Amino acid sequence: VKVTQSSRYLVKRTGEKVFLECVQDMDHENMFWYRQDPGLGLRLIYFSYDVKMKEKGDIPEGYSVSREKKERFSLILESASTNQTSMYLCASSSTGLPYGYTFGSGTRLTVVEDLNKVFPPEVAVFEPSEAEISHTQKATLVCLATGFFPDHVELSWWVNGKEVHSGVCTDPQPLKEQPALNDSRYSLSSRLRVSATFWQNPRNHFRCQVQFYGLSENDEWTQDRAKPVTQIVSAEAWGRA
């Protein structure tokens, strides 16, 4: 009982024809493609109520769709515009069963006009101030991820190899390193806070982890630096004394 989309993130150049792919394992008759945009909720592009059937949704314009097998529902952008930049959402349902809609987890698609603009982030970890420890008996480490385009990152904290949710703030919106440019590169901060006890013990390992999603193996690359592919970039620091 799951609906998986083929890609979780994707970069594409304006004018390139794109294939988003939705798969379910439940023998469902009904599959739906939606987009989700800040301020306009979710909007239905195309839907399908059997194999080889389609019907246009509310915003079909610029999209095409194929229901070839009962399992699969392909969304096709003929020519990526930058207002096709969006989170795309697939869903399925049964005709008779009463269980409602199962949703996939989304494909973020960003369309830009040039693929040499995508940089993966560098990850610095800043270590707590002596002064906070003293005044608070807390220790806040800060992690900065700078130098990424497009905005496709997943920041995480690992304490001695277990991902921690306790005592973390990540910024919900990144800021532009150069907000004068149209397509400026981005920065994001995160924070991790623990007891000074924890931080003042040299057998505690702290790691700032940043997954980036840029390009696949398929894409044309022969520029100066390494290929800006999906990669996890970390920074680490050890607890003190």
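One rule holds for the numbers: they count along the sequence shown, beginning at 1. Definition used throughout: the rigid core is the maximal C-alpha set that superposes within 1.5 Å between two forms.
Core superposition of the other structures onto this form places the C-alphas of 116 to 124 farther off in 5 other deposited structures of this protein than those of the other stretch among 116 to 124 and 84 to 92. Between 137 to 145 and 106 to 114, the larger mean CA deviation from the shown form in 5 other deposited structures of this protein, after core superposition, belongs to 106 to 114. 44 to 52 and 172 to 180 differ in mean CA B-factor, and the higher of the two is recorded for 172 to 180.
For the pair 232 to 240 and 2 to 10, the mean Cα B-factor is higher in 232 to 240.
If you compare the C-alpha temperature factors of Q36, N30, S216, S190 in the entry, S216 comes out highest. Looking at the C-alpha B-factors along this chain, the one for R108 belongs to the lowest third. Per-chain ranking of the deposited C-alpha B factor places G57 in the lowest third. Per the deposited record, the Cα B-factor of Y63 falls in the lowest third when ranked against the other modelled residues of its chain.
When the modelled residues of the chain are ordered by C-alpha B-factor, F119 sits in the highest third. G96: CA B factor lies in the lowest third for its chain, per the PDB record.
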